[PDB]
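Heads up, what comes next is one protein chain in two forms, each shown on its own as structure tokens, labelled structure 1 and structure 2.
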Structure 1
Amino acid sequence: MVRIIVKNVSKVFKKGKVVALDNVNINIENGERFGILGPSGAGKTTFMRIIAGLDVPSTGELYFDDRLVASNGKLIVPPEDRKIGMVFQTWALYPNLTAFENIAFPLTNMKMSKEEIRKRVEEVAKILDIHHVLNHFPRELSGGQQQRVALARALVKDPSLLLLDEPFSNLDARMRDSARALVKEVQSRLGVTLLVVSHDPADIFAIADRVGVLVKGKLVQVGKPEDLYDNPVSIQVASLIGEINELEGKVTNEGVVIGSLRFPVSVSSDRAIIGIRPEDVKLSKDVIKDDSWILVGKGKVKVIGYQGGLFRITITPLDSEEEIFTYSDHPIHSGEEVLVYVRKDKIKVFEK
């Protein structure tokens, strides 16, 4: 419901020694679900605090629709006037206010009567299915209920923009899919612009339609999540959007050579970095009968792990310490020699 224009936004700390954001430019469309991923929780948080109005750009400008909200060290439109709801891992529920009180809090100075506040709080709580625990303090709420109360608090003033900073990080891993689905439902229902920052790509895949990746304060790539996943600009971006094996080898006429492995790709440099995601690797003891996989050579099993009911099999090529891991239903025991197949079209290569 609001367009956000981020224009040459930079932010420094420590009198300039730390550059948290460096000339960031993004135009977020009204109702878009946009995500940010990157190695720096602090920098992503810096970006979110600037959008919220809790901080300002050192240089550059920020617009909500055609409205200049911050510019060159100045806060022009404060948080309370920006039509934003915040769900931030760092903004907890107030422990000694009930759920009702926590959700009513933002309405305190909105010129509403007691009945108007009650009606609005009850309406939102009904929609989020926490109307029956309004009298509980936060400690007496389940995790899911706490999540819902925090979202209700963010939605009580009918915002145009919902800002989420590590919003599911307090939940047990098993409850996060449900929380991601709730946010999806709320966004669809309200049509709000939504910005989400997270270290976890599952959050971005579940919620965002376009994502930017921040590295050293710079937006290095922006696109649909699946596009970053398959066509990352660098191995660093490749790894931020999902698991990937990173290998280094020599460029030859026959491919990139890494011990007993040879990948049928090339770059102009003497050496190359190969990226191959675990789902794009398959192991066998003899040749398989499947033209959708290509042989890249022999390897030896180094170690096995067990996660998610699957075996995580790590191999190395012969005559190399480089590792490749993949997941499988059955193990191949340590020390075994195996053939290594990959999906040809999924090999990522970069100049070293």
Structure 2
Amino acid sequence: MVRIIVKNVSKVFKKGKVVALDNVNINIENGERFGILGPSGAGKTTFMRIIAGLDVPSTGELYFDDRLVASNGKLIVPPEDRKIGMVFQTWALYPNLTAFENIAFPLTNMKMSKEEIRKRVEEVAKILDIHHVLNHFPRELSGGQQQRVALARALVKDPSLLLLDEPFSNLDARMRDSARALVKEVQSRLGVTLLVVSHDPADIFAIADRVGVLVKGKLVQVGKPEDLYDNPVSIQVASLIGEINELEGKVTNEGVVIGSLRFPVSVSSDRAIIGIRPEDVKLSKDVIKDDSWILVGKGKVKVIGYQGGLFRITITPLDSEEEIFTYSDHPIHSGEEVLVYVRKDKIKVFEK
């Protein structure tokens, strides 16, 4: 319901010495679910605070539709005038207000009578299915209920933009899937534009349709999650979006050579980085007659681990110390030589 134009946005701290965000350009479309993925300190919360209007770009401009909301150190349109709903790191509910009072809070100075407030709150509470615990204080609410109350509070003024800052923390864990589904259900019901920032790729895969990856304040890649996953711009982005094996080798004619292993790819460099995800490696004692799998050579199991009912097998190429791990329900033991197969079109290669 709102289009966000982020234009040449930068943010500095410490008198210009620290650049938290560097020349960020993004156009987020109306109703798009957009995610930002990056490691702690990449500048995620800074970006979010700027979209929220809690801070401003040091240089550059920010537009909501055609409205200039912030510009070069100046807050033009404040948070309360931006039609935003916010769910941050916690459900930051007021501990001493009932769920009803929490949801009613943002309507305090909206020129609404008591009955008008009551009706809006109950209506939103019913849609989020917490109408029945409106008299509970937050502490008496389950995790699922708290989420719903915090969302209700964020949606009580009918925003066109929902902002989520690491809403599924390292808390939850067995409840994260439910919370993700709720967010998505809410977004599709309302058509709101949505921005979620997180360091966890799982949040992004579950919610975002397009994702930007932030590294040290710079947006290094933007695309669909599947696109970052299969076609990462660098090994750092490759590993941020999911598990991957990183190997160093020599660019020798017929591919990249790493000990007894040869990868049918190349780069205009002397040495190269090979990225190959665990699901794209298969170990075998005999030939694989499959045009999907490609033989890259022989290897030897270095060590084996086990978890989630699955074996984690680590091999190295002959005469090499570089390791490749992969998962299987079939264990192969230390010292055993094997054939290493990979999905041809799944090999990633970068200049060293």
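Take the two forms, find the largest set of C-alpha atoms that superpose within 1.5 Å, and that set is the rigid core. Residue numbering: sequential along structure 1, first residue numbered 1.
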On a core-based superposition, does residue 333 travel 2 Å or more at its Cα between structure 1 and structure 2?
yes
Superposing on the rigid core, is the CA of residue 302 displaced by 2 Å or more between structure 1 and structure 2?
yes
Rounded to whole °, what is the turn of the smaller rigid part against the larger between structure 1 and structure 2?
10
Fit the two forms on their core, then tell me the C-alpha shift of residue 204 between structure 1 and structure 2 in angstrom.
0.8
Let me know the CA shift of residue 254 between structure 1 and structure 2 in Å, rounded to one decimal, core fitted.
2.9
Hey, core superposed, how many Å does residue 90 shift at the CA between structure 1 and structure 2?
4.8
